[PDB]
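Only one chain is given next, in structure tokens, and it is the form deposited without ligand GDP.
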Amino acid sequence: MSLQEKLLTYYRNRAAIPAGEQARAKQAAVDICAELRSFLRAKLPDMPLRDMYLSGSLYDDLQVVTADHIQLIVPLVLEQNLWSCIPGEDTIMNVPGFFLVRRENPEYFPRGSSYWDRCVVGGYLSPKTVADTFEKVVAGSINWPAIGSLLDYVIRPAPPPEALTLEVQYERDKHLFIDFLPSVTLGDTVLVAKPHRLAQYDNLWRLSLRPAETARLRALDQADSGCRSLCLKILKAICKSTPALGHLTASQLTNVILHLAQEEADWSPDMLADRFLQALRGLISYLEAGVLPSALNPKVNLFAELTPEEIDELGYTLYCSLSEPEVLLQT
């Protein structure tokens, strides 16, 4: 049979979402998203935000390759007057590519001049505070299954520390997750409050990379009708199924593939199996080294959040795969 054929087989059987189901999944998210606006259009203002949006509603599949959960961005509006963002590199700590947001010009515009002065601690805008002030609309200031009833789904938020995340069964067989993620844009630079992990103590703002990451990927495979996304989807599925490998994230996997695209031109369909093995060796190499640089921002190490016991486990599992990759398909 061969790896190629087995990989394709695993794709269709374990990894891929049927066109129909996918559409219905998109519908759910788009509907949930609509109604959450209707909840905040009533509740607010006070908090200054643009409309919530779902990334990337332009693609059907919705970027659930690159991935984790469907992402519901909530853009916080800030005065470009009153706020500068300081790179994590130039701290006061030392943590690329996270950023501190510094309250500027008390020198001019005293406290109370912004809504966002109520989420400052120590001269700096605080993703955790911001996330919290937020999380106490979610789990559960919402009249939750009243919107469940309206649309014929089950909508319940995961219990903390993911009160931001939501579970929705869209059909009876299947279920689906939606992340709320607060975002601020200060000039060129866009940031999200996905907390760091340790964060020292608590904590900095995270540079958003998923949308750029998914755009390169979309584009490369457009260029040459190549098999980069397919190869990624399969690694993602294997990692979702194989408990040892669960510690690996969408972003990590995505960046392994992007580095491999930098190194290899070919990605014709018949190259799947080789590129697949190379991703495994790439992973092993990045894990040995303890660093996976972001393809888009080489100073950022995506493996910096992994605990060393995780790295340990992953490396061993991958090391053992290499001679019989077939075993990864039967988890």
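Throughout, we count residues from 1 along the sequence that is shown. Only the largest set of C-alpha atoms that superpose within 1.5 Å between the two forms is called the rigid core.
Beyond the structure shown, there is the form deposited with ligand GDP bound, which is absent from this document and is the topic of what follows.
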Task: Shown-form site status with respect to ligand GDP as positioned in the bound PDB entry after superposition (2.4 Å backbone/C-beta criterion, 3+ atoms) - done: blocked
TODO: Sort through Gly56, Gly290, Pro48, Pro293 and report the residue having a heavy atom within 4.5 Å of ligand GDP in the bound PDB entry.
DONE: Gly56
Task: Residue (of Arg103, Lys128, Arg206, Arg218) lying close to ligand GDP in the bound PDB entry, criterion heavy atoms within 4.5 Å - done: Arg206
TODO: Choose from 86-94, 140-148, 68-76, 165-173 the stretch whose residues reach within 4.5 Å of ligand GDP in the bound PDB entry, heavy atoms counted.
DONE: 68-76
Open item on the list: in the bound PDB entry, does every one of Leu181, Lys194 and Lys236 come within 4.5 Å of ligand GDP, counting any heavy atom?
Closed with: yes
- [ ] Consider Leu245 of the chain shown here, and say whether it contacts ligand GDP in the bound PDB entry, taking contact as heavy atoms within 4.5 Å.
- [x] no
Open item on the list: Just checking whether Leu260 would be counted as a contact of ligand GDP in the bound PDB entry - the rule being heavy atoms within 4.5 angstroms.
Closed with: no
- [ ] Determine whether any heavy atom of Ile155 comes within 4.5 Å of a heavy atom of ligand GDP in the bound PDB entry, and answer yes or no.
- [x] no
Open item on the list: Can you tell me whether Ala250 touches ligand GDP? I mean in the bound PDB entry, with a 4.5 angstroms heavy atom cut-off.
Closed with: yes
Task: Of the candidates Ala158, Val77, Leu186, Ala212, the only Cα that travels 2 Å or more between the shown form and the other one, given a rigid-core fit - done: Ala158
- [ ] Determine whether the C-alpha of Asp202 shifts by 2 Å or more between the shown form and the other one once the rigid core is superposed.
- [x] yes
Open item on the list: Relative to the superposed rigid core, does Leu230 relocate between the shown form and the other one - that is, does its Cα move 2 Å or more?
Closed with: no
Open item on the list: Rigid core aligned, does the Cα position of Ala67 differ by 2 Å or more between the shown form and the other one?
Closed with: yes
TODO: Look at the CA atoms of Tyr59 and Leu54: state whether they lie closer or farther apart in the bound PDB entry than in this form, given a difference of 3 Å or more.
DONE: closer
Task: Direction of Cα pair change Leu230-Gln169 in the bound PDB entry, magnitude 3 angstroms or more - done: farther
